[PDB]
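Asks:
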Ligand SMILES: [Mg+2]
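In the authors' numbering, the protein residues as written are 3 to 45.
(1) Beta carbon of residue 14, beta carbon of residue 43: below 8 Å?
(2) Can residue 23 and residue 45 be called in contact, C-beta distance under 8 Å?
(3) Short check: CB of residue 49 to CB of residue 17, under 8 Å?
(4) In the DSSP assignment, find the unbroken alpha helix (DSSP H) run with residue 32 in it and report its ends.
(5) Report whether the distance from the Cβ of residue 4 to the nearest heavy atom of ligand 1 is below 7 Å.
Here is the structure:
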C-alpha cells in the first residue's frame, strides 16, 4: 500500500548515501530503487 511521508523519507535517506541507488531512484522511483539495493521494504 501507499507509504506515509515519513516512511518515504526513511527510504530516501538510505538511498541518498548510496550513489548507485540515488541514480536509480531518479527514473525507477524510490521504492524499486530501495528494494533493488536493500530488499523488500520491511514496514
Ligand atoms: Mg530526512
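We put the CB at the ideal spot given by N, CA and C, even for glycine.
Replies: Reading it off the structure:
(1) No, these two residues do not count as a Cβ contact at 8 Å.
(2) No; because the gap between Cβ atoms is not below 8 Å, this pair is not in contact.
(3) Nothing about residue 49 can be read from this structure; the chain reaches only from 3 to 45.
(4) Following the DSSP letters along the chain, one finds residue 32 inside the alpha helix (DSSP H) bounded by residues 21-40.
(5) In this structure, the C-beta of residue 4 stays at least 7 Å away from each heavy atom of ligand 1.
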